[PDB]
Every structure is written in C-alpha cells, then in structure tokens.
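> Structure provided below as structure tokens; questions to follow.
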Amino acid sequence: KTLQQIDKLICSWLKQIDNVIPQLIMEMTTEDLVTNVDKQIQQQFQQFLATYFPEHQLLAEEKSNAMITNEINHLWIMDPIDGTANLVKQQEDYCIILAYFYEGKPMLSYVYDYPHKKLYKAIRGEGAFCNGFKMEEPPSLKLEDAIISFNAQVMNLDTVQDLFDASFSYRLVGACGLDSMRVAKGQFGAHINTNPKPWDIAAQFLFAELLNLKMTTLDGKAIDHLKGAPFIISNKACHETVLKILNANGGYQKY
Amino acid sequence: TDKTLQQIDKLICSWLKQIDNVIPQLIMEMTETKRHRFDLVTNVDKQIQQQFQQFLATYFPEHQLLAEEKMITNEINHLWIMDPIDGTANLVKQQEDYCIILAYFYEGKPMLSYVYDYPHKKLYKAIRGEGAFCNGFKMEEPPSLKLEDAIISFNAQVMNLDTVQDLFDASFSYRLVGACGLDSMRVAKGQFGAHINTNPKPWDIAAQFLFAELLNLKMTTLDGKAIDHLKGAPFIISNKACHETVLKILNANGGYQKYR
Ligand SMILES: O=P([O-])([O-])O[C@@H]1[C@H](O)[C@H](O)[C@H](O)[C@H](O)[C@H]1O
Ligand SMILES: O=P([O-])([O-])O[C@@H]1[C@H](O)[C@H](O)[C@H](O)[C@H](O)[C@H]1O
Ligand SMILES: [Ca+2]
Ligand SMILES: [Ca+2]
Ligand SMILES: [Ca+2]
Ligand SMILES: [Ca+2]
Ligand SMILES: [Cl-]
Ligand SMILES: [Cl-]
Numbered sequence: 004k005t006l007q008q009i010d011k012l013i014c015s016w017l018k019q020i021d022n023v024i025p026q027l028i029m030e031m032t033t034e041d042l043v044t045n046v047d048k049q050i051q052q053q054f055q056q057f058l059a060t061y062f063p064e065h066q067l068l069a070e071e072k073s074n075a076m077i078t079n080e081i082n083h084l085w086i087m088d089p090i091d092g093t094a095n096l097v098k099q100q101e102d103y104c105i106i107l108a109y110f111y112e113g114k115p116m117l118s119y120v121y122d123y124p125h126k127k128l129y130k131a132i133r134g135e136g137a138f139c140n141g142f143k144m145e146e147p148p149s150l151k152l153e154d155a156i157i158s159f160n161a162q163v164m165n166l167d168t169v170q171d172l173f174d175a176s177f178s179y180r181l182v183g184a185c186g187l188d189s190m191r192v193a194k195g196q197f198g199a200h201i202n203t204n205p206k207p208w209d210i211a212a213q214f215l216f217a218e219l220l221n222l223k224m225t226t227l228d229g230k231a232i233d234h235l236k237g238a239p240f241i242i243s244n245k246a247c248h249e250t251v252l253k254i255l256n257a258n259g260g261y262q263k264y
Numbered sequence: 002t003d004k005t006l007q008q009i010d011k012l013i014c015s016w017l018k019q020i021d022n023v024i025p026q027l028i029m030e031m033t034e035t036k037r038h039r040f041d042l043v044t045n046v047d048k049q050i051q052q053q054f055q056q057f058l059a060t061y062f063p064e065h066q067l068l069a070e071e072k076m077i078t079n080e081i082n083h084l085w086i087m088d089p090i091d092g093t094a095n096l097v098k099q100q101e102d103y104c105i106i107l108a109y110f111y112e113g114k115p116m117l118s119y120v121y122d123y124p125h126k127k128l129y130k131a132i133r134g135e136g137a138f139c140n141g142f143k144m145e146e147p148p149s150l151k152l153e154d155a156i157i158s159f160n161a162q163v164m165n166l167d168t169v170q171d172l173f174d175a176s177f178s179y180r181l182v183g184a185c186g187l188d189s190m191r192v193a194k195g196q197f198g199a200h201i202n203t204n205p206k207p208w209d210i211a212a213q214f215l216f217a218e219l220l221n222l223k224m225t226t227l228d229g230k231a232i233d234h235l236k237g238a239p240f241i242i243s244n245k246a247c248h249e250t251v252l253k254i255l256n257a258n259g260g261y262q263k264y265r
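Order-wise, the sequence lines are chains B and A. Counting with the deposited numbering, you get residues 4 to 34, 41 to 264 for the letters of the first sequence. Counting with the deposited numbering, you get residues 2 to 31, 33 to 72, 76 to 265 for the letters of the second sequence.
Below is the structure:
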C-alpha cells in the first residue's frame, strides 16, 4: 500500500531474480534482439504483479500494449533487459528497468545493473539510492568538462563532430538505463537517445526530478511517459548547449 | 634471472593487494572541472608509480622501470613497463573504468602481464607457462568473431569520419570503455571483436602482448606488422577472425587519418 511496502516487495523480487538469471544465461537462446532471458524475467514480473498488486497494469517491451491508456491508475513500465545486445555479446552492461506511475505521476523507479549487482532506485518522498546509499545531486558540469554518451551511428556526422569538439570526451556503455544512470551519478554530462521506447526511459523521470537533472525531448519539451520521444537526460549545466548543437544547421538526423 | 615466475607473481599480487589500501585515500583527495583531456594530473598516478618503484628497489633491485610518469641500454635483462593509471580521464570524471597496467619482460620476452581493473576488483593476469586468468579463473581462447558479429572499440574522434562510418557499417555495434587496457581485455574475453588505438605509448599496450599470445589474439600495427614493445605504434588487438577485415577498412580509400 505505501511506497515503502511496494518498495520492499520489488527489492525482494529483484533479489530473488539473481537466483534465476544465471540459469537463463547458461541456456541462452536468441531471436533488434530478444532472448529467453528478456521473456522470462518479464513473465515472472507479470506473475509478481498478479499476486501482489492485481489492480496494477504493465506496459512492457515483450508484450502487446494495446490495452494501455491515458487513465490507468496503477501502471508499471518495464524493460526486462535493457541492453540485450550487450547481454548477448558481452554478458555485461545490461540492466532491468522498472517504473511505477500513480495516476500518471512517477512514484517508484528502478535500474538494476545486475552484472555489477548495483541497484539504483528512486522513491518519491525519500530520494534516490544505489544499493541503499543515498545519491546526491551531481556537481555542475559544463559541456566542455563533461563526458557525453549517445549513439553516433544514427546522427549525421557533422553533428557528431560538433558534439565531439564541444565536450570533454565521448563514451558509450550501450544500455540506455546505464548510460542514463552515469548522468545521474555525475559521471557523464548527458545521454541522448534519438528514438526511445517508453520502457527505455521510464525510470529516468523520477531520478531526474529527485537529483535535479534535466530530462526533456530534443526540443526541450516535457516527455509523455506513455509515448517515446527523442530524448536527453542531462546535467543542468550542459543541457542547453547540447540541445543547441543537436538542433543547429537543420538538426542531428542523418541526411 | 633467479626468482621464478611464481615467486615474482606472488610479490606483484601482494603489492596489488596492498594498493587497495592506498587508492581510496588518494581518490578522496581529488574535484575539477576545467583542464581538457590532454592536460590531466593526478596525484593518484604519481603515488601508485612511486610505490611500485619502491617495491622494485626493495625486491628486484636489478630490475628497470619504463613508465609514463618518469632507457640507455637496448638490451635490458629485467624490464617492467608500467601505466600506473590507464584511463586517467575516466578516473577523474567517473571514478570508474580505469586500471593499472604492468608487464615484465625478460631479455625482451613477455613473461608476466597484469591489467588490474581496480573499480571492479578484477585482476587480469598472464603468466608464461601457466596461462591467462581473471581473478584466478583460467581464460580460454575466445570464440571466433567475424567483424559483422562483433562489437568494436576505438576512438572515433581521431580518425576521419568516412573511415569511422565504414567501421560502424561493417561491425555489429560500437562501444567504448575508454581505457586502452580495459577495452583490450574486452577483446581478450571475447566481448569485443577488436580494439584500435592509433597512437599508443609503450605502457598503453605492454601487458597486451602476452595476453594476445596466450589467448591466440592478433596484436599488430595497423599495417599488420609486429610491434616493438619498446616503441609505440598505431595498433590493434583483435579476435583472429575479424583482424583482416578491420585492417582492410582502416587502410582503404587512402586511410584512417583525419587530416591527411
Ligand atoms: O533493445 P534494448 O537493449 O532494450 O534497448 C536499446 C538500448 O537501450 C541501446 O543502448 C540503444 O540505444 C537502443 O535505443 C535501445 O533500444
Ligand atoms: O592517459 P591514460 O589514461 O594513461 O591513457 C589513455 C587511455 O588508455 C585512453 O583510452 C586513450 O585512448 C589514450 O590513447 C591513452 O593515452
Ligand atoms: Ca529491452
Ligand atoms: Ca531498451
Ligand atoms: Ca596513465
Ligand atoms: Ca594510458
Ligand atoms: Cl555548457
Ligand atoms: Cl571479418
């Protein structure tokens, strides 16, 4: 019922999920990738919800979501594995993403970096935490002093060049959730994804609010958690400059 | 010589273990915040290096050190190459994704190599006669990776963009950890197909020789030649199945260099 109660349940389900994943990985089979691991984690969470919060609905990657509307009171958004490519190719640098919305308002968020056993969580009224230790607003980062992260394969190269020249350096973890959390931790100045699904960014809203980060569309607007949009999550001090570079000279999209 | 590889290895491992007692403090000191990529400090680099110099004074006093933060005979018997922090930018900006690199050469022959991923407490080591290990578990030759099925890693800011584009189109995807030692180990583990560094120093690649030999990796110049461990050269470390294709792309259409 309370946020703490729901949080305690989710944290224990995530803990138990450590006991399932090594096996799924040992038998890993695959099919824009999708494994058994994605599907099984998702199904288990569906069953978890049937069992504890049976009014609650799920918007997730591996299910049809036709039934999900503007007015659902209790909504979870899930990415059961974000970074499937990294899971398959590296068995590292992937995460589980969850977010609970109450009447459209972010209340709980989770990014579980399972390979490193690092649970990032955010709780409206309490704050954000990594394995329990409170996260603080990161230091201010101007773009020239910041590392930035984005997919350079989906942008035109003049714009990529401008991002390179204006920033301290460039890195890529390769999972939206984890690259986002590096912004949250102050390790990156900003992460960009030019075409995310609602589940790629759903947890990030509450993190951005509680840690004073900017999270907007690439036009600087509020994002609908129900609909993807081109997006950025950014340190407050470099947000404007990134958007200016992205939108200059007819924009960032490949010619 | 005189000490066996096991004896030397034991001492390096115990030094590296005591280094866990030093690093948290060095990091606690150290916040800025306006020097660019090329102009970084730190005291962490310098202190780790000084301590290793004391370690050698103390145990292997014949041994010499070629290191970043500090060569008169061509033919040194006992040589260590060190990068006390590889990934200084990541240390400063992220406090993650950096490593300590050490490589011992006996009469110019790689005998011991270490890449210590300290933030994750993962010690990658290679020992001539034993094999390569991660925290003790033996590393095997990685599966074959064709370039189209492989993640590759390189600095995209230092190559011309057409060649960067060609590398994107031909590989499965692109990632960057941002420390030569760690990006290289991802090749060693089979996580990446290849890592490129177009201008490394001897310390950036010194450990990698022995890893590439023991795990059947290709490590060459970008012209496909053997590298002198004493002298940097533009380099690639690669899975055997994607090495040729990477070099072909890099050298195609007049080459990879940005301002040519
Ligand atoms: O497919 P998936 O691994 O869940 O999600 C992807 C990752 O977050 C990745 O970093 C990329 O940028 C894509 O935009 C996402 O679709
Ligand atoms: O300065 P440092 O962090 O020891 O070493 C650097 C890192 O390995 C980095 O990834 C980069 O590619 C440079 O080539 C190196 O100079
Ligand atoms: Ca996914
Ligand atoms: Ca995703
Ligand atoms: Ca260094
Ligand atoms: Ca280095
Ligand atoms: Cl700025
Ligand atoms: Cl190939």
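Where is the CB? At the ideal position from N, CA and C, for every residue including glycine.
Where residue 18(A) and residue 61(A) are concerned, what is the direct C-alpha to C-alpha distance, given to the nearest angstrom?
16 Å
> Would you call the stretch 179-193 of chain B in contact with the stretch 92-102 of chain B, where contact means no fewer than 3 C-beta pairs closer than 8 Å?
yes
> Residue 225(A) lies in the beta strand (DSSP E); which residues open and close that run?
223-226
> Buried or exposed: where does residue 118(B) fall if 16 or more other Cβ atoms within 10 Å of its Cβ makes it buried?
buried
> For the alpha helix (DSSP H) holding residue 169(B), just list the boundary residues, first then last.
Taken as a continuous stretch (DSSP letters only), the alpha helix (DSSP H) holding residue 169(B) covers 166-175.
> So, for residue 173(A): in the same chain, excluding its five sequence neighbours on each side, which residues have a beta-carbon less than 8 Å away from its beta-carbon?
Cβ neighbours of residue 173(A) beyond the five flanking positions: 179.
> So for residue 143(A), helix, strand or coil by DSSP?
strand
> Taking all protein chains shown into account, decide if residue 38(A) is buried (16 or more other Cβ within 10 angstroms of its Cβ) or exposed.
Exposed is the call here.
> Hey, how far is the Cα of residue 204(A) from the Cα of residue 164(A)?
Between residue 204(A) and residue 164(A), the C-alpha separation is close to 11 Å.
> From what residue to what residue does the beta strand (DSSP E) around residue 118(A) run?
Where residue 118(A) is concerned, the enclosing beta strand (DSSP E) stretches over 114-122.
> Pair every Cβ in the stretch 195-211 of chain A with every Cβ in the stretch 145-152 of chain A, then say whether three or more of these pairs are closer than 8 Å.
yes
> With residue 240(A) as the anchor, note down where its beta strand (DSSP E) starts and where it stops.
240-243
> Could you tell me which of 7(A), 130(A), 202(A), 134(A) sits nearest to residue 188(A), measuring between CA atoms?
202(A)
> Quick one: does residue 42(A) have its CB under 8 Å from some CB of chain B?
no
> At the level of alpha carbons, what is the spacing between residue 215(B) and residue 145(A)?
43 Å
> Return yes when at least one heavy atom of ligand 8 lies under 7 Å from the C-beta of residue 152(A), else no.
Indeed, a heavy atom of ligand 8 lies less than 7 Å from the Cβ.
> Tell me which residues share the same chain as residue 55(B) and place their Cβ nearer than 7 Å to its Cβ, disregarding the 5 neighbours each side in the sequence.
Excluding residues within five positions, the ones whose Cβ falls inside 7 Å are 67.
> Between 160(A), 87(A), 234(A), 116(A), which has its C-alpha nearest residue 255(A)'s C-alpha?
160(A)
> From residue 168(A) to residue 260(A), what does the alpha carbon distance come to, in whole angstroms?
7 Å
> Name the one or two DSSP bridge partners that residue 104(B) has.
91(B)
> Terminal residues of the continuous beta strand (DSSP E) containing residue 127(A)?
Unbroken beta strand (DSSP E) run through residue 127(A): 127-132.
> Distance cutoff 8 Å, beta carbons only. Does residue 98(A) sit that close to anything in chain B?
Residue 98(A) counts as touching chain B.
> Do residue 122(A) and residue 106(A) have their C-beta atoms within less than 8 Å of each other?
no
> Say whether chain A places a C-beta atom closer than 8 Å to the C-beta of residue 216(B).
It does not: the Cβ of residue 216(B) has no partner Cβ on chain A nearer than 8 Å.
> Across which residues does DSSP place residue 85(A) in a beta bridge pair?
67(A), 109(A)
> In chain A, which residues lie with their C-beta within 7 Å of the C-beta of residue 154(B)?
35, 36
> From residue 13(B) to residue 137(B), what does the alpha carbon distance come to, in whole angstroms?
Distance between the alpha carbons of residue 13(B) and residue 137(B): 15 Å.
> Just the chain B side, please: which residues come within less than 8 Å of residue 173(A) by C-beta, in chain order?
161, 162
> Please name the residues in the stretch 240-262 of chain A whose beta-carbon is closer than 9 Å to at least one beta-carbon of chain B, in chain order.
none
> What residues in its chain sit with their C-beta under 8 Å from that of residue 45(A), if we drop five residues either side in the sequence?
Excluding its 5 nearest sequence neighbours in each direction, residue 45(A) has C-beta neighbours in its own chain below 8 Å: 27, 30, 31, listed in chain order.
> Along the stretch 131-152 of chain A, what residues have a CB closer than 7 Å to any CB found in chain B?
For the stretch 131-152 of chain A, the set of residues with a beta-carbon nearer than 7 Å to any beta-carbon of chain B is empty.
> Residue 226(A): beta carbon under 7 Å from a heavy atom of ligand 8?
no
> List the residues of chain B whose Cβ lies closer than 8 Å to the Cβ of residue 181(A), in chain order.
179, 180, 181
> Which of helix, strand or coil does DSSP assign to residue 250(A)?
helix
> State yes or no: is the C-beta of residue 185(B) nearer than 7 Å to some heavy atom of ligand 4?
yes
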